[PDB]
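Below is one structure; the comments refer to it alone.
All ligand and atom numbering here is 1-based and tracks the order in the structure. Positions are given from 1, in the same order as the sequence printed here.
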Amino acid sequence: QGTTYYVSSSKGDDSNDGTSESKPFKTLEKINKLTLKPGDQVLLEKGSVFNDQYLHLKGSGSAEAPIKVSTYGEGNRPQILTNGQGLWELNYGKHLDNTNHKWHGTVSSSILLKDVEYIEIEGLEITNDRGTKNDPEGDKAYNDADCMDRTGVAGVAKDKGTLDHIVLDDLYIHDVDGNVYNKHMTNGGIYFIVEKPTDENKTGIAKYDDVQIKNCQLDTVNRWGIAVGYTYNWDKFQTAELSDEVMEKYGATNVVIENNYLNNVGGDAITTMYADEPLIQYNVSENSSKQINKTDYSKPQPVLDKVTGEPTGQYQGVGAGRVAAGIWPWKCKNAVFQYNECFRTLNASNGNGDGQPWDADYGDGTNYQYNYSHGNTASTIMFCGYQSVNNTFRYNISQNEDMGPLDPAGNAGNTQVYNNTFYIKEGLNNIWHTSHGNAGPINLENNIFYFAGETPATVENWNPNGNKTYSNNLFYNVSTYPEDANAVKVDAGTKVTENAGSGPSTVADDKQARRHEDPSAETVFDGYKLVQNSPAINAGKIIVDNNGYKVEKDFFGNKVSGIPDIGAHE
Ligand SMILES: CC(=O)N[C@@H]1[C@@H](O[C@@H]2O[C@H](CO)[C@H](O)[C@H](O)[C@H]2O)[C@H](O)[C@@H](CO)O[C@H]1O
């Protein structure tokens, strides 16, 4: 079933019928005119270049016959170079969680999927660069507060109830030069939002089910890298605990973000929003928060009318929203982050109020497990504020962050950090964030605290706000110890791991996450494996995960049962 269409910037004529390679279309405007149907295909010729063009699709596939957008022929990825074209009217239909977040306006999107479901897009190169001749904003400054929002791929659910099955696979998205500031317009590489339906009684509550972003490479996109799920129904999630009933009715179900690479992201690299049990795995980010600094992020944003969303004449402090983390969830239920790498989340020293690789933000049941991080400008993990609850941070490896590993920034409830290995760079003399206050509780068990340096590190306060508990941790090369009745205290020169501090400082040449889930793997992380007679061996306690995540395995995929070793390796 369905019709295959062909488009060639090279060979095509828009007066052709576009249904054979011999008679292809010339411009994407021909596809934009169609109402697409189950089994339909849109094949862009390799070597093609669609300058000042865009795909704004209409129609929908079926579960058995999705629409496919893909390639034919041979040569370079077909290129969609939108250059500030592809205009459409974004309108959430009501203000967002902060009345200052912009929620209506004209947006430029290279690809727009608005109420298109059962669709798969693969193999394309996409840009939305501000640097060309006929660019609608001409020589407007890249960091003006009223620069138009820009997307590589924008998704909108609104007037078709639950949208099912949107797949973006192997897209190369670069030079999306969006608004430097705006968090919740479709503004950055890939951004999926949910708008208030015209008539919710008629079409049903708008939400997503089955959204797969996989094998994509993003470079120099702003503000967001990949964001999925910001919804008009944000006001249905204002409790600390998030019910399965709220999440299934209003939240994004079956969201998988996997095997993506991101470089030079202006703000946050990857964020799931209002998502029920999202899976975020095998992603690599480096050099994110590129524009979260006092040079780029330098112009004030308007105060918006709490009803109309129109500027009031008032302006915010330039610092508003001048924060970003690497790969993290917002108002998700039982989000799992596993097998990710995050390097150099930038700019905590020049106006980024955050800069952590990992941020268990407001939400319920976040589990970070079997992740690696290096050279981030803030602490390895933030637990953010009084609605960040039921947190598990386990079997992760962290080295050479520009702060100590822990940022419990006023988090609440059950917070468990266990079986991690933290390589703390020389001269930090702390395990805590340097300004967020460290007021929230943590239950700290079975962790390696490995202090690099020629002299023992000092830690002035092991128990800020009095609500830190410790059991069965290992402390290497530090001059004092917390209240841990089962502490393993280790002096400089006693080996604990094979080559502590020898984790990678850079992404793989092929930009893929280095797998470590089968313990027959030799990996670039093997310097964190325990030596024969390591003082970590058999010194941990059996963990009870009070968030309901049973202990299964270590960082490396070794089964864990009985009395565990201290740290990320069994
Ligand atoms: C509670 C808090 O302040 N969290 C910070 C995040 O800011 C929130 O982000 C959500 C995203 O959907 C909304 O924009 C909300 O209005 C913001 O309060 C922030 O994005 C992250 C990343 O730097 O850090 C937390 O500090």
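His433 contributes no side-chain N or O that, together with a main-chain N or O of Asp354, makes up a donor-acceptor pair within less than 3.5 Å. A donor-acceptor pair under 3.5 Å is absent between the side-chain atoms of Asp276 and the main chain of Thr253, judged by distance alone.
A cation-pi arrangement, defined by a distance under 6.0 Å to the six-membered ring centre and an angle within 45 degrees of its axis, is present between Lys468 and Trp432.
The shortest heavy-atom distance from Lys331 to ligand 1 is not under 4.0 Å. Between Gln356 and ligand 1 there is no heavy-atom distance shorter than 4.0 Å. At least one heavy atom of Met382 sits under 4.0 Å from some atom of ligand 1.
By the 3.5 Å distance cut-off applied to N or O atoms, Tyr362 is not counted among the residues near ligand 1. Every N/O-N/O distance between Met273 and ligand 1 stays at or above 3.5 Å. Checking only distances, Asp361 does come within under 3.5 Å of ligand 1, N or O to N or O. Between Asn98 and ligand 1, not a single N/O pair is under 3.5 Å apart.
Looking only at heavy atoms of the protein, atom 24 (O) of ligand 1 is closest to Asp354 OD2, 2.8 Å. The nearest heavy-atom contact from the protein to atom 19 (C) of ligand 1 is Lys183 NZ, 3.7 Å. The protein heavy atom nearest to atom 15 (C) of ligand 1 is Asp97 OD2, 3.3 Å. Among protein heavy atoms, atom 14 (O) of ligand 1 sits closest to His184 NE2, 2.7 Å.
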message = I'd like to know whether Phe555 forms a ring pair (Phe, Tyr, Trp, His ring centres under 6.0 Å) with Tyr395, so could you lay out the CA-CA distance, the side-chain angles of the two residues, the decisive distance to 0.1 Å, and finally the verdict.
response = CA-CA 5 Å; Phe555 172 100; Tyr395 287 107; 9.2 Å; no
inquiry  = For a side-chain contact (heavy atoms from CB on, under 4.5 Å) check, start with the C-alpha distance between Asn420 and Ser398, then their side-chain angles and the critical distance, and finish with the verdict.
reply    = CA-CA 8 Å; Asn420 307 283; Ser398 161; over 6 Å; no
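Counting heavy atoms under 4.0 Å from ligand 1, residue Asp359 touches it through the side chain alone.
Two residues are said to be in side-chain contact when any heavy atoms from C-beta on lie closer than 4.5 Å; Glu341 and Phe343 meet this criterion.
With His184 as the partner, the ring pair (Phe, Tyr, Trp, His ring centres under 6.0 Å) test is satisfied by one option alone out of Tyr230, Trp103, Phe192: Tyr230. The ring pair (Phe, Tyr, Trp, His ring centres under 6.0 Å) with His516 is formed by just one residue from the set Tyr339, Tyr370, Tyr528; it is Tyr339.
Nearest to atom 2 (C) of ligand 1 by heavy-atom distance, out of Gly229, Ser388, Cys384, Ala227, is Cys384.
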